[PDB]
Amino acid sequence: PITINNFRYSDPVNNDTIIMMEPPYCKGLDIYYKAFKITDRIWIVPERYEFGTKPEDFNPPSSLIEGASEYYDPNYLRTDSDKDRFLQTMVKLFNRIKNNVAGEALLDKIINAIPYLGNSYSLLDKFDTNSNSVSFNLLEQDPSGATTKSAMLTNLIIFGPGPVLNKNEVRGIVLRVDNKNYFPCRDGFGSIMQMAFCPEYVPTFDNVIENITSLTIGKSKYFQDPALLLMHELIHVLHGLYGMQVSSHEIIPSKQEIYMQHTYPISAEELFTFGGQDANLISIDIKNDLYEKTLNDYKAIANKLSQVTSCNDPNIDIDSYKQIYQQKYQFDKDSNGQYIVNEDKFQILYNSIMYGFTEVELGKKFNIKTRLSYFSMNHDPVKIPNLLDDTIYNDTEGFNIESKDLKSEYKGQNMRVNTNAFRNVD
């Protein structure tokens, strides 16, 4: 049974659920941030995502274009009080996800999808834990009273937002190989996934709409549930953990029959993640290329796994990990003892990864309102200042609380009804 840990930002490090972590991209730089283990293989670091950015990037542009979509605030998540609040909110969102069997299943899949200890450029006959793609360093406090540096394996690390507060994103660790960028999370191996997330700002939408000509209102607005935005990102995490993150890839098969707000190029990764009819916007030709590509990555991984005879880390049980990967990749064993890909089992696994968890279906399972298609206008996003108040949002129903008669018709998400639940960004 999955357990969601509890803690306050001010609690002291304990070498277990609370630690000082040297994030993957700070490997060897000796820069640590306080981190909290929400659950096995998942860590939360209440800090702004400043990786690969500059101090000035957090400040607004040179008098922005009239596109009130990207919001900024360099002072967000900077104090201990801000971080604790952020931490309590993430714990609540995770409990909300866990309290629904469908969310629980998502978390479970993610937790068990551990990155392979190696990649296309590591020693094929040895499990490798010495890489920021699978491990991060930390400071540990030991009985003798001395502080030492150690390493740890994980699946996901969630940071606060980057420059843009309302722009949740998920990326796998990038490796530098032969002066090129290599993503193990796209090669079947998977890797630590990182998320930049902000639970306070959510987008708005209106399904009941069809060309509001000679109009200005057409009331029917709804704000999104932060838990669904989180699960949305978690789906991206799932794809990466299995090494199936879809790289830039998406043109225009048939973009017109959709009715909501627009039509413009995007990434297949987004369409798969959103699900619903949007997934059908990816041509069968492209779906077949992706499928064949991943099948090939998995066959290469089965051949590698079959070669593993040692590991650099003495704390790793070789056979135990071999069994974990056999289960993860759904490999069979021929009479020769070699690991092989079973076509039917692969297809079932592939389907569960690309189609089994989607924003549209999860919204349905959670009684959370969603938009028709991923294709929508840059509607002004709103802010949810009180997620910690059960009278506004609880971990079993979100905003759609039956005791307040806000369950029916997702009234808890209806901007004209649950007026106090949100605030317009200034």
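In this text, residue numbers run from 1 along the sequence as written.
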| note | Between 352 to 360 and 202 to 210, the record assigns the higher mean Cα B factor to 202 to 210
| Greater mean Cα temperature factor according to the PDB record, 366 to 374 or 30 to 38 | 366 to 374
| Which of these, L93, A105, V246, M193, has its C-alpha atom at the highest B-factor, as the entry lists it? | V246
| Which has the highest CA B-factor per the PDB entry: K333, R171, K328, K98? | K333
| Chain-relative CA temperature factor third for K219 | highest
| request: Rank-wise, by C-alpha B-factor, drop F51 into the lowest, middle or highest third of its chain. | output: highest
| request: Determine, from the deposited record, the chain-internal third of the Cα B-factor for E270: lowest, middle or highest. | output: middle
| field | Third of the chain, ranked by Cα B-factor, where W43 sits | value | lowest
| message | Split into thirds by Cα B-factor across the chain's modelled residues, where does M260 land: lowest, middle or highest? | response | highest
